[PDB]
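Trainee: Below you will find the structure I want to go over with you.
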Amino acid sequence: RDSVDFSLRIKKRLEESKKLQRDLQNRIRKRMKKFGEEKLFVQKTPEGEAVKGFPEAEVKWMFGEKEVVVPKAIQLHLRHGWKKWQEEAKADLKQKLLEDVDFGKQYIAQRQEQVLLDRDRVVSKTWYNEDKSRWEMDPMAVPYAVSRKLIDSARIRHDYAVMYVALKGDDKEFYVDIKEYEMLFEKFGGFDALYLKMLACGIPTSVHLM
Amino acid sequence: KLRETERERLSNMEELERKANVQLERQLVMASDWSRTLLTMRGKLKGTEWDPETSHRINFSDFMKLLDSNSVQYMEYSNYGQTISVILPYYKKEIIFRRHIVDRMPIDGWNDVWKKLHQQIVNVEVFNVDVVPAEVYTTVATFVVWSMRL
Amino acid sequence: XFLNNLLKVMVXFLXXXX
Amino acid sequence: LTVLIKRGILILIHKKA
Amino acid sequence: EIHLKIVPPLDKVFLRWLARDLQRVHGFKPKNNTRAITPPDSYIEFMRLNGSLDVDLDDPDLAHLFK
Amino acid sequence: XXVXXXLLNXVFXXXXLXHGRXXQXXXXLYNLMXXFX
Amino acid sequence: XXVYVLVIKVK
Amino acid sequence: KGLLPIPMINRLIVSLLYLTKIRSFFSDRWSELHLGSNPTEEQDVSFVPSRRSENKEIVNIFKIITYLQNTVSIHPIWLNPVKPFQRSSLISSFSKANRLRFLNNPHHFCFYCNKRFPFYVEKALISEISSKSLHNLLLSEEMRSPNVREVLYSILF
Amino acid sequence: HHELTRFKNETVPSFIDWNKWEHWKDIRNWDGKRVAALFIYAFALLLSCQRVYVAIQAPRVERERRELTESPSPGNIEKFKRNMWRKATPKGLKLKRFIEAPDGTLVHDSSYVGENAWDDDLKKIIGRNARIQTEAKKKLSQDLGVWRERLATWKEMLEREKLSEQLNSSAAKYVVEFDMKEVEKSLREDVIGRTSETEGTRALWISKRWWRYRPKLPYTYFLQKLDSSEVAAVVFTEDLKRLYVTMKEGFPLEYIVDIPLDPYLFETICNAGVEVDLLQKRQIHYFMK
Amino acid sequence: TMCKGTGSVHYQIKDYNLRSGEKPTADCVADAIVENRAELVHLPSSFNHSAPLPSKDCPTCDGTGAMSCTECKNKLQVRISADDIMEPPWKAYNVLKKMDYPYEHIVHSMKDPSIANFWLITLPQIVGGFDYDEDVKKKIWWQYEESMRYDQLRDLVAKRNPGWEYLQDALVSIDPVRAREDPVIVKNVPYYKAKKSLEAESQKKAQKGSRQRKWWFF
Ligand SMILES: [Zn+2]
Ligand SMILES: [Zn+2]
């Protein structure tokens with residue numbers, strides 16, 4: 001009886017998801033019929049080289065001479081509501097942090113302890129290579145410093161072989177390599193994902209040739 | 001008290017029995033090795049699986065068709081898995097074993113192939129090759145053949 | 001730049017020689 | 001051992017002979 | 001200073017799938033006449049662990065003006 | 001019978017795996033690629 | 001037969 | 001460490017959690033795992049015991065062979081019912097069980113009595129900077145060590 | 001072959017298309033050929049089921065007829081099996097036995113002696129040891145100065161239990177269960193507590209006794225030998241083509257094998273728990289090549 | 001890859017231009033096919049379809065399944081380095097580095113709280129000589145409990161509780177790449193449903209026959 005009702009609830013939820021998908025596609029068609037006529041077809045993969053674990057059969061939707069991709073429906077509506085909940089939680093915490101003062105100083109002190117521990121952890125993993133006499137740090141812990149906005153600025157060499165990256169509260173431009181970085185991270189994107197992560201977070205990088 | 005001496009003496013004979021048995025096992029397996037490498041050289045193993053004859057080659061699709069039906073069970077290996085030859089029985093009642101070198105095992109079947117190999121493999125014989133005496137013999141024999149011609 | 005200020009006011013002191 | 005087929009192909013082989 | 005190039009020597013197909021899945025997960029569609037949806041305890045717990053609901057002390061609106 | 005309360009809201013594809021950045025970061029990602037649209 | 005750890009048969 | 005990935009180190013957890021089945025976008029977990037780990041828990045190679053072991057083998061050979069001759073002849077022409085459970089440490093059995101779930105086959109090399117073995121047992125500087133900026137190295141596409149370069153140069157010599 | 005290709009291309013796809021289930025579920029339009037196919041399936045199932053009934057029930061009646069024509073306390077026997085099972089398996093390793101019933105359901109064997117082996121409850125130090133012959137036992141007992149029906153009955157019920165366990169091992173599956181506090185204890189005991197003085201003394205042996213001899217060993221023998229954990233040294237060649245072991249019993253102590261490359265070699269080498277080192281050369285050994 | 005190495009792809013007629021005056025008959029489709037007036041498309045065998053389409057040999061692989069790399073060109077098919085006499089261990093590592101050392105034999109044992117807790121938290125702390133942090137363990141366990149959901153719903157479907165088809169749509173919705181491969185998800189629900197009722201009718205008819213055969217010998 002319990003599993004039967006669980007099955008019925010799952011059926012109703014997927015029925016609502018399919019109905020939302022149908023009405024969203026109807027809205028998409030109504031909104032963008034102003035441009036051209038539909039050319040729905042399953043375009044067979046012309047690559048023949050997708051050994052990178054990439055999907056096949058790129059569905060090419062043309063409304064006339066234009067391009068458009070069919071989107072998800074219920075996933076977007078969940079993301080909108082959850083982003084809204086995130087924003088209202090931030091607003092509530094901000095308001096209760098300008099109303100309260102004691103928990104305000106406790107909160108900033110806890111964040112100071114967070115930053116202190118993060119700095120100690122990220123600077124426990126460096127060395128000074130006296131042979132070539134430069135401040136060298138494990139490139140592995142570099143995205144960690146990227147995730148916690150620890151990177152001040154990055155100067156990228158030509159031909160994308162090595163970096164010179166500054167740290168906040170410090171005056172050293174550390175020398176960090178890329179070849180072993182991609183040798184270690186060939187499965188998550190590597191330097192491409194790294195560069196697009198400094199570009200997504202707006203970390204200032206300068207292209208220089210030496 | 002002396003029953004403990006009985007127990008320890010039977011423990012000694014048990015341990016020595018295990019030692020003799022593993023000795024006999026190792027003696028048997030090197031004896032089989034010497035028997036194989038001796039009986040192959042008189043032509044008595046010719047036509048058998050250990051010393052088969054060359055026939056038509058086999059492609060990749062035929063090879064996984066052989067492997068999926070658990071047919072190929074005696075295999076010869078060379079050069080990092082770039083060359084694998086399959087040995088199969090053919091009805092001649094005489095039953096004769098034949099060699100077919102499989103064509104272009106492409107790059108990367110191994111993660112599945114060794115997944116399916118271990119279920120049907122009974123005996124591997126890899127023909128690992130030396131390089132320096134081989135080249136020495138090749139150049140000396142080339143001089144010998146051309147000197148004999150001239 | 002708030003994190004930069006907080007990192008500036010309590011600068012690190014470590015060693016680790018290599 | 002390593003055969004040289006024309007148009008420059010080096011084919012690896014079994015043991016020898 | 002800060003500079004950039006619209007023509008990087010990076011990979012191509014990975015950028016194609018990055019952009020396509022970015023369009024597929026967001027598109028352009030916003031919404032305003034909607035209410036907040038309460039997440040499950042799993043989602044809330046993981047976002048607490050990543051500190052997403054950590055409030056904006058970085059901005060100088062009123063968060064860091066008093067301190 | 002314990003996970004099913006959350007799994008019913010977790011059968012909704014996988015948004016938590018989809019969410020991996022901020023809103024402003026995603027906006028910058030959207031605006032900073034090429035001008036094909 | 002092989003090895004058939006509890007969670008294959010229990011769940 | 002690249003031959004036996006198990007340390008008999010943090011790549012283990014990433015390999016068993018994330019890598020086993022597009023972008024996946026998540027490299028921060030790796031760093032958060034390894035850097036979120038605080039360690040809180042004689043160069044002399046002795047040659048004597050490995051020399052004494054084979055002498056002990058030499059001593060045992062006499063009795064073993066005499067017992068074998070006295071018992072067995074040759075002519076010219078229980079426990080848990082899985083064998084890998086025997087005579088190993090407990091963790092050897094714990095890690096063998098993950099493999100023996102699918103790989104039950106021991107390959108069974110106990111049979112030798114074919115036609116191939118007749119015998120049977122009987123148990124009883126103006127343009128230099130322009131040249132610098134000109135050169136196209138932006139795509140690497142190579143994918144070692146400098147001493148390897150040394151021997152390559154010597155071999156080319 | 002010419003007709004076989006046309007068969008595979010047209011008939012079987014159209015056979016499934018006719019046997020498709022968009023019209024099968026509607027019972028009001030079932031054609032005669034559909035009913036003929038239904039009868040074919042029913043007759044095949046009847047044939048297979050009756051055949052397997054007869055094939056399964058035949059050896060049972062065979063053994064019943066064999067028993068009909070052919071025709072020291074139980075606590076002590078259970079304790080003797082307990083002592084042998086304590087001797088055999090390490091602590092922290094339980095084995096449940098399920099019996100395959102004729103109907104098709106796996107039943108739990110609660111009387112398996114692998115279920116409660118490690119759980120607690122002058123002459124008997126000898127009665128719990130069947131590892132020495134009765135002739136030697138009697139010859140030694142006379143030399144001790146001190147019942148043959150007891151050993152006879154022990155032998156008889158020993159062979160009875162042997163034949164019963166041989167019978168019950170035909171249609172059965174087994175499930176292992178672990179005792180992780182004991183697995184963790186063995187971990188602390190023999191993995192971080194492995195204090196053998198042979199830390200890296202495996203390859204320099206090869207380098208020193210280059211002037212020894214090693215004969216050839218097979219592959220599947222090496223796998224089956226490593227599964228039972230009789231190997232305390234595995235020393236690779238740099239190019240994944242050769243092996244030099246230093247084995248713990250027998251003569252000669254060191255062999256040669258050659259290896260095809262499979263991950264499960266790493267898996268079995270680590271599952272046995274064997275020390276792994278690396279034989280590193282100079283450059284001059286590769287430079288005179 | 002387009003046959004997934006099998007060498008037998010499914011040939012399908014996508015669109016057929018029918019002459020004005022006929023019906024969509026399989027014979028007229030074949031008549032258009034023998035004159036090549038129907039769209040012959042090749043589909044990989046990876047897409048498990050409920051109807052077995054006509055499987056013909058793959059035009060790309062010539063029945064082999066192995067393709068030479070077109071990036072490797074004939075002019076650049078040759079090297080000049082003495083690699084065969086001087087094979088180093090890095091060639092052994094290069095052929096080694098694409099077989100992945102299967103984690104699946106332990107991962108399919110990790111569907112249990114005790115085993116996955118031992119492998120996931122404690123054993124690295126023991127061998128390495130360190131300790132985790134609280135948020136690290138929490139994120140590990142949270143992502144693991146997110147990962148276990150697919151085989152949870154798989155086990156729920158496999159019991160064949162009434163209305164398992166809704167749970168089966170849940171299975172195909174939570175994670176598609178694993179859902180396209182498992183045999184536990186039947187492609188056509190009415191097919192297996194009426195095949196189950198047909199097998200039931202078959203087994204009762206079999207027992208009635210096996211019982212009525214016993215009343216002719218007395
Ligand atoms: Zn093909
Ligand atoms: Zn190529």
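Residue numbers start at 1 in each chain; chains themselves are named A, B, ... in the order of the structure tokens; ligands are numbered from 1 in the order shown.
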Residues at most 6 Å from ligand 2, using only C-alpha atoms and all ligand atoms? Could they come as a PyMOL selection string?
Mentor: chain J and resi 69-72
Trainee: Take the selection from the previous step and output its residues with C-alpha atoms, as a PDB file, in the first residue's frame.
Mentor:
ATOM      1  CA  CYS J  69      43.896   6.983 -37.894  1.00  0.00           C
ATOM      2  CA  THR J  70      43.491   9.513 -40.704  1.00  0.00           C
ATOM      3  CA  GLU J  71      45.544  12.062 -38.739  1.00  0.00           C
ATOM      4  CA  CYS J  72      48.492   9.713 -39.177  1.00  0.00           C
TER       5      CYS J  72
END
Trainee: List all protein, DNA and RNA residues that have any atom at most 7 Å from ligand 1, counting only C-alpha atoms and all ligand atoms, and write the list as a list in words.
Mentor: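 For ligand 1, the residues inside 7 Å are residues 1, 2, 3, 5, 6, 7, 58, 59, 60, 61, 62, 63, 64 and 65 of chain J.
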Trainee: Those same residues - C-alpha atoms - I'd like them written as a PDB file, in the first residue's frame.
Mentor:
ATOM      1  CA  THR J   1      32.674   3.831 -33.002  1.00  0.00           C
ATOM      2  CA  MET J   2      29.619   4.214 -35.246  1.00  0.00           C
ATOM      3  CA  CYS J   3      28.945   0.502 -34.852  1.00  0.00           C
ATOM      4  CA  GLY J   5      33.064  -1.946 -32.728  1.00  0.00           C
ATOM      5  CA  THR J   6      30.397  -4.586 -33.418  1.00  0.00           C
ATOM      6  CA  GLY J   7      30.311  -4.200 -37.200  1.00  0.00           C
ATOM      7  CA  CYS J  58      28.999  -1.448 -41.030  1.00  0.00           C
ATOM      8  CA  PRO J  59      30.002   0.460 -44.206  1.00  0.00           C
ATOM      9  CA  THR J  60      32.781   2.320 -42.365  1.00  0.00           C
ATOM     10  CA  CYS J  61      34.581  -0.623 -40.751  1.00  0.00           C
ATOM     11  CA  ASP J  62      34.278  -3.150 -43.634  1.00  0.00           C
ATOM     12  CA  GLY J  63      33.315  -5.660 -40.953  1.00  0.00           C
ATOM     13  CA  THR J  64      36.616  -5.153 -39.133  1.00  0.00           C
ATOM     14  CA  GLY J  65      35.802  -2.709 -36.343  1.00  0.00           C
TER      15      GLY J  65
END
Trainee: Residues at most 12 Å from range 3-10 of chain I, counting only C-alpha atoms, excluding those fewer than 3 positions away in the same chain, as a VMD selection string?
Mentor: (chain I and resid 13 to 18) or (chain J and resid 8 to 12 26 to 27 30 52 to 57)
Trainee: Return as a Markdown table the residues of chain B lying at most 10 Å from chain H, together with the closest atom-to-atom pair for each and the distance in Å to one decimal, counting only C-alpha atoms, with rows in chain order and ascending residue number.
Mentor:
| residue | atom | partner | partner_atom | distance |
| --- | --- | --- | --- | --- |
| B:16 | CA | H:64 | CA | 7.2 |
| B:17 | CA | H:64 | CA | 8.4 |
| B:18 | CA | H:64 | CA | 9.7 |
| B:19 | CA | H:64 | CA | 6.8 |
| B:20 | CA | H:64 | CA | 5.2 |
| B:21 | CA | H:68 | CA | 8.2 |
| B:22 | CA | H:64 | CA | 9.8 |
| B:23 | CA | H:64 | CA | 7.5 |
| B:24 | CA | H:68 | CA | 7.5 |
| B:25 | CA | H:110 | CA | 9.0 |
| B:28 | CA | H:112 | CA | 8.5 |
| B:29 | CA | H:112 | CA | 8.0 |
| B:31 | CA | H:117 | CA | 8.7 |
| B:32 | CA | H:117 | CA | 6.2 |
| B:33 | CA | H:117 | CA | 9.2 |
| B:34 | CA | H:117 | CA | 9.5 |
| B:35 | CA | H:117 | CA | 6.2 |
| B:36 | CA | H:116 | CA | 6.3 |
| B:37 | CA | H:116 | CA | 9.9 |
| B:38 | CA | H:116 | CA | 9.9 |
| B:39 | CA | H:116 | CA | 7.4 |
| B:40 | CA | H:116 | CA | 8.9 |
| B:44 | CA | H:116 | CA | 9.1 |
| B:45 | CA | H:116 | CA | 7.6 |
| B:48 | CA | H:116 | CA | 9.5 |
| B:50 | CA | H:116 | CA | 9.4 |
| B:115 | CA | H:103 | CA | 8.8 |
| B:118 | CA | H:105 | CA | 7.4 |
| B:119 | CA | H:105 | CA | 6.4 |
| B:120 | CA | H:107 | CA | 8.4 |
| B:121 | CA | H:107 | CA | 7.0 |
| B:122 | CA | H:107 | CA | 5.7 |
| B:123 | CA | H:107 | CA | 8.1 |
Trainee: To one decimal place, how far is CA of residue 47 in chain I from CA of residue 207 in chain J in Å?
Mentor: 11.6 Å
Trainee: Please report the interatomic distance between CA of residue 152 in chain I and CA of residue 117 in chain I in Å with one decimal.
Mentor: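 Distance reported for this atom pair: 25.5 Å.
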Trainee: Would you work out the distance separating CA of residue 140 in chain J from CA of residue 188 in chain A, expressed in Å to one decimal?
Mentor: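 That distance, rounded to one decimal, is 18.0 Å.
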Trainee: Would you mind listing, as a list in words, all residues of chain E that have at least one atom within 12 Å of chain H, where only C-alpha atoms are what counts?
Mentor: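 Result, ordered by chain then number: residues 7, 8, 9, 10, 11, 13, 14, 15, 16, 17, 18, 19, 20, 21, 22, 49 and 50 of chain E.
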Trainee: Might you pull out every residue within 10 Å of residue 6 in chain C, with only C-alpha atoms counted and same-chain residues fewer than 2 positions away left off, and present them as number ranges by chain?
Mentor: A: 112, 115-116, 168-169; C: 1-4, 8-11
Trainee: Give me, as a Markdown table, each residue of chain D that comes within 10 Å of chain J, together with its shortest interatomic pair and the distance in Å at one decimal, counting only C-alpha atoms, with rows ordered by chain and rising residue number.
Mentor:
| residue | atom | partner | partner_atom | distance |
| --- | --- | --- | --- | --- |
| D:2 | CA | J:84 | CA | 8.5 |
| D:7 | CA | J:74 | CA | 7.2 |
| D:8 | CA | J:78 | CA | 6.0 |
| D:9 | CA | J:77 | CA | 6.9 |
| D:10 | CA | J:78 | CA | 7.7 |
| D:12 | CA | J:84 | CA | 9.9 |
Trainee: For residue 15 in chain F, find every residue with an atom within 9 Å (counting only C-alpha atoms), except residues of its own chain fewer than 2 positions away, and show them as an mmCIF file with C-alpha atoms, in the first residue's frame.
Mentor:
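The result, stored in part.cif:
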data_model
loop_
_atom_site.group_PDB
_atom_site.id
_atom_site.type_symbol
_atom_site.label_atom_id
_atom_site.label_comp_id
_atom_site.auth_asym_id
_atom_site.auth_seq_id
_atom_site.Cartn_x
_atom_site.Cartn_y
_atom_site.Cartn_z
ATOM 1 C CA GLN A 75 15.048 22.042 -14.030
ATOM 2 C CA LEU A 76 15.046 25.769 -14.846
ATOM 3 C CA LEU A 78 13.618 24.579 -9.761
ATOM 4 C CA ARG A 79 16.791 26.632 -10.251
ATOM 5 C CA UNK F 10 15.400 14.527 -5.755
ATOM 6 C CA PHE F 12 13.595 16.115 -10.201
ATOM 7 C CA UNK F 13 16.676 15.441 -12.377
ATOM 8 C CA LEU F 17 24.894 18.887 -9.429
ATOM 9 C CA UNK F 18 23.874 21.603 -11.897
ATOM 10 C CA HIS F 19 24.437 24.354 -9.329
#
Trainee: From the DSSP assignment of the backbone, select every residue of chain E that is helix (DSSP H, G or I), and format the answer as a PDB file with N, CA and C atoms, in the first residue's frame.
Mentor:
ATOM      1  N   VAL E  13      36.113  21.868 -29.241  1.00  0.00           N
ATOM      2  CA  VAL E  13      34.905  21.074 -29.027  1.00  0.00           C
ATOM      3  C   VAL E  13      34.437  21.169 -27.577  1.00  0.00           C
ATOM      4  N   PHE E  14      35.379  21.256 -26.634  1.00  0.00           N
ATOM      5  CA  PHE E  14      35.017  21.400 -25.228  1.00  0.00           C
ATOM      6  C   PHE E  14      34.301  22.721 -24.980  1.00  0.00           C
ATOM      7  N   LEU E  15      34.760  23.798 -25.626  1.00  0.00           N
ATOM      8  CA  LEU E  15      34.053  25.072 -25.531  1.00  0.00           C
ATOM      9  C   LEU E  15      32.663  24.977 -26.144  1.00  0.00           C
ATOM     10  N   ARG E  16      32.527  24.223 -27.238  1.00  0.00           N
ATOM     11  CA  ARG E  16      31.225  24.045 -27.872  1.00  0.00           C
ATOM     12  C   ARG E  16      30.239  23.379 -26.920  1.00  0.00           C
ATOM     13  N   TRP E  17      30.665  22.296 -26.265  1.00  0.00           N
ATOM     14  CA  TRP E  17      29.757  21.627 -25.336  1.00  0.00           C
ATOM     15  C   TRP E  17      29.542  22.431 -24.060  1.00  0.00           C
ATOM     16  N   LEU E  18      30.563  23.162 -23.601  1.00  0.00           N
ATOM     17  CA  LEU E  18      30.393  24.081 -22.480  1.00  0.00           C
ATOM     18  C   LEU E  18      29.302  25.103 -22.768  1.00  0.00           C
ATOM     19  N   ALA E  19      29.394  25.779 -23.917  1.00  0.00           N
ATOM     20  CA  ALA E  19      28.401  26.782 -24.281  1.00  0.00           C
ATOM     21  C   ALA E  19      27.028  26.158 -24.496  1.00  0.00           C
ATOM     22  N   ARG E  20      26.971  24.990 -25.147  1.00  0.00           N
ATOM     23  CA  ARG E  20      25.680  24.373 -25.431  1.00  0.00           C
ATOM     24  C   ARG E  20      24.978  23.931 -24.152  1.00  0.00           C
ATOM     25  N   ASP E  21      25.718  23.352 -23.204  1.00  0.00           N
ATOM     26  CA  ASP E  21      25.091  22.947 -21.952  1.00  0.00           C
ATOM     27  C   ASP E  21      24.774  24.157 -21.080  1.00  0.00           C
ATOM     28  N   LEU E  22      25.536  25.245 -21.227  1.00  0.00           N
ATOM     29  CA  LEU E  22      25.189  26.486 -20.541  1.00  0.00           C
ATOM     30  C   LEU E  22      23.870  27.048 -21.061  1.00  0.00           C
ATOM     31  N   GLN E  23      23.659  26.982 -22.379  1.00  0.00           N
ATOM     32  CA  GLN E  23      22.372  27.380 -22.947  1.00  0.00           C
ATOM     33  C   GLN E  23      21.262  26.433 -22.502  1.00  0.00           C
ATOM     34  N   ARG E  24      21.563  25.133 -22.436  1.00  0.00           N
ATOM     35  CA  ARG E  24      20.538  24.150 -22.108  1.00  0.00           C
ATOM     36  C   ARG E  24      20.126  24.217 -20.643  1.00  0.00           C
ATOM     37  N   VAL E  25      21.025  24.643 -19.759  1.00  0.00           N
ATOM     38  CA  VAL E  25      20.700  24.676 -18.338  1.00  0.00           C
ATOM     39  C   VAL E  25      20.087  26.014 -17.920  1.00  0.00           C
ATOM     40  N   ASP E  41      16.622  18.861   2.902  1.00  0.00           N
ATOM     41  CA  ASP E  41      17.696  18.985   3.884  1.00  0.00           C
ATOM     42  C   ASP E  41      19.059  18.635   3.300  1.00  0.00           C
ATOM     43  N   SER E  42      19.090  17.773   2.285  1.00  0.00           N
ATOM     44  CA  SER E  42      20.349  17.440   1.629  1.00  0.00           C
ATOM     45  C   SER E  42      20.922  18.650   0.896  1.00  0.00           C
ATOM     46  N   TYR E  43      20.092  19.302   0.077  1.00  0.00           N
ATOM     47  CA  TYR E  43      20.520  20.490  -0.655  1.00  0.00           C
ATOM     48  C   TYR E  43      20.923  21.617   0.287  1.00  0.00           C
ATOM     49  N   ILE E  44      20.124  21.852   1.331  1.00  0.00           N
ATOM     50  CA  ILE E  44      20.423  22.910   2.293  1.00  0.00           C
ATOM     51  C   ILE E  44      21.725  22.609   3.026  1.00  0.00           C
ATOM     52  N   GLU E  45      21.912  21.348   3.431  1.00  0.00           N
ATOM     53  CA  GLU E  45      23.126  20.962   4.144  1.00  0.00           C
ATOM     54  C   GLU E  45      24.362  21.140   3.270  1.00  0.00           C
ATOM     55  N   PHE E  46      24.284  20.727   2.002  1.00  0.00           N
ATOM     56  CA  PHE E  46      25.444  20.858   1.127  1.00  0.00           C
ATOM     57  C   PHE E  46      25.753  22.321   0.828  1.00  0.00           C
ATOM     58  N   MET E  47      24.717  23.155   0.670  1.00  0.00           N
ATOM     59  CA  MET E  47      24.971  24.574   0.434  1.00  0.00           C
ATOM     60  C   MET E  47      25.511  25.271   1.678  1.00  0.00           C
ATOM     61  N   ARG E  48      25.117  24.819   2.873  1.00  0.00           N
ATOM     62  CA  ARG E  48      25.761  25.301   4.092  1.00  0.00           C
ATOM     63  C   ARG E  48      27.230  24.903   4.119  1.00  0.00           C
ATOM     64  N   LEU E  49      27.530  23.673   3.694  1.00  0.00           N
ATOM     65  CA  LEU E  49      28.914  23.211   3.677  1.00  0.00           C
ATOM     66  C   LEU E  49      29.761  24.020   2.702  1.00  0.00           C
ATOM     67  N   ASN E  50      29.208  24.332   1.531  1.00  0.00           N
ATOM     68  CA  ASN E  50      29.917  25.204   0.602  1.00  0.00           C
ATOM     69  C   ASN E  50      29.821  26.675   0.983  1.00  0.00           C
TER      70      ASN E  50
END
Trainee: Can you tell me, as a PyMOL selection string, which residues in range 72-184 of chain A count as strand (DSSP E or B) by DSSP?
Mentor: chain A and resi 126-129+134-137+151-156+162-167+173-177
Trainee: For residue 165 in chain J, please output as number ranges by chain all residues within 10 Å (counting only C-alpha atoms; exclusion window: fewer than 5 positions along the same chain).
Mentor: A: 7, 10-11; J: 157, 160, 170-171, 185-186, 189
Trainee: Counting only C-alpha atoms, which residues of chain G come no farther than 7 Å from chain I, as an MDAnalysis selection string?
Mentor: chainID G and resid 1 3:6
Trainee: Next, write the just-selected residues to a file, as a PDB file, in the first residue's frame, keeping N, CA and C atoms as the atom set.
Mentor:
ATOM      1  N   UNK G   1      30.330 -21.511  -7.324  1.00  0.00           N
ATOM      2  CA  UNK G   1      29.909 -20.125  -7.489  1.00  0.00           C
ATOM      3  C   UNK G   1      30.973 -19.168  -6.961  1.00  0.00           C
ATOM      4  N   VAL G   3      31.555 -15.094  -5.125  1.00  0.00           N
ATOM      5  CA  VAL G   3      31.263 -14.482  -3.837  1.00  0.00           C
ATOM      6  C   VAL G   3      30.061 -13.553  -4.007  1.00  0.00           C
ATOM      7  N   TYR G   4      29.101 -13.649  -3.090  1.00  0.00           N
ATOM      8  CA  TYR G   4      27.785 -13.040  -3.252  1.00  0.00           C
ATOM      9  C   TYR G   4      27.406 -12.196  -2.032  1.00  0.00           C
ATOM     10  N   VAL G   5      28.248 -11.202  -1.707  1.00  0.00           N
ATOM     11  CA  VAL G   5      28.163 -10.375  -0.496  1.00  0.00           C
ATOM     12  C   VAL G   5      26.743  -9.892  -0.221  1.00  0.00           C
ATOM     13  N   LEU G   6      26.413  -9.775   1.077  1.00  0.00           N
ATOM     14  CA  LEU G   6      25.055  -9.593   1.601  1.00  0.00           C
ATOM     15  C   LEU G   6      24.179  -8.667   0.766  1.00  0.00           C
TER      16      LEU G   6
END
